[PDB]
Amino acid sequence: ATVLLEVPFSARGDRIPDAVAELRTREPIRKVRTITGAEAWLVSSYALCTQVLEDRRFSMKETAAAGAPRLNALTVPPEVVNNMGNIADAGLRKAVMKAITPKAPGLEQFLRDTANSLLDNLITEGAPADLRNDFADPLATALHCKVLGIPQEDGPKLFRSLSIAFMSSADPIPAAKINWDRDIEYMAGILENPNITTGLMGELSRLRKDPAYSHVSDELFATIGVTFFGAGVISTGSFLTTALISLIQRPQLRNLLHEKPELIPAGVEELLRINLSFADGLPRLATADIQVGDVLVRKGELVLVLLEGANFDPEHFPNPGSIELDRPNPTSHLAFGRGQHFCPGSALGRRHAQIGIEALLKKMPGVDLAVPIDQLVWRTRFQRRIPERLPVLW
């Protein structure tokens, strides 16, 4: 006798498990057990993943309902599971979106300058270099401080909340609340700080005192700062780190992008498509009985949308494991999700990775792993797959 298939399958972000293609072929929606002991439906084909993400009756907000089957324990207050809905209801969606585009004057130059400075420092120090802790994550952190309008020197402490905030735990995490409450206090102080006049927080600070927003809560304004910093920094730092591994393990592609940096955007789109950074399926709770393939999902059941299930589906992306720069459907992957919850930072995430990779290939055209790939240490019970250190030489 065996127990019900458990998720997630592997914390390794450098290879997709054979099980994903097996499930997709044989049972593209099937029952699994999560780390909390709950049962859930794991969806692993492009067609079914898109169906679930495009049907609002599969609800993110409702995953926070008391007594629901859970993927993992909340690390934020339950109301924050409705974060984007709260932002939209407050009439703040357009302003938040506008503040986090990569198109602000000087922002891309700041990204380039920061990436180049980080790389110069690594070169000065000598190989081996850690491309996660000393490149990708600081680049993500510096970017988000700039985007938010907050001091660069405040980034590191905010960043250090993230190894706990983005845990994927069976049980509540006391440290997550300590850090959350502290980080909220910090953002509340930022809103009251007359020096903060630029970026997302400068704009929220002005809107907070505009009569058209007088009944939006201070709680929401501070929450937007903490959540956009955290989701943006964890997602961009983790994606760039694992994309760097994908590229290092493809010297022919690495050389092509070095020789023809104008192909970097197409390269980054394929790196997004094959990315294994999301450690868990995207969770939704059914709010009605809904037919998904061969399964009638019942009201109150948990559904997990496996992004790599969709993104490696050969019926949508032929030769799915191969990076191909000339696909006819290159942005149709689900790396940024789909539907109501489509990533609001997608353009910024693309630009962070493009500029990071452009700078790395210019400064370190000979970049390679400095340890056998199996020696990377993959973070466990986390909402992202990332190596603890990424040692390289050049």
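Numbers for residues come from their place in the sequence shown, where the first is 1.
Between 361 to 369 and 348 to 356, it is 361 to 369 that carries the larger average Cα temperature factor according to the deposited entry. For the pair 301 to 309 and 257 to 265, the mean B factor over Cα atoms is greater in 257 to 265.
Of the residues listed, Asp137, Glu270, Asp183, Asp294, the entry assigns the biggest Cα temperature factor to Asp294. Going by the entry's values, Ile123 shows the largest Cα B-factor out of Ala279, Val81, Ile123, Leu162. The PDB entry assigns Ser217 a C-alpha temperature factor belonging to the highest third of its chain's modelled residues.
When all modelled residues of the chain are sorted by CA temperature factor, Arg327 is found within the highest third.
In this PDB entry, the Cα temperature factor of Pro174 sits in the bottom third of its chain's modelled residues, the lowest group. Ranked by C-alpha B-factor against the other modelled residues of its chain, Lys146 falls in the middle third. For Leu204, the recorded CA temperature factor ranks within the middle third of the chain's modelled residues.
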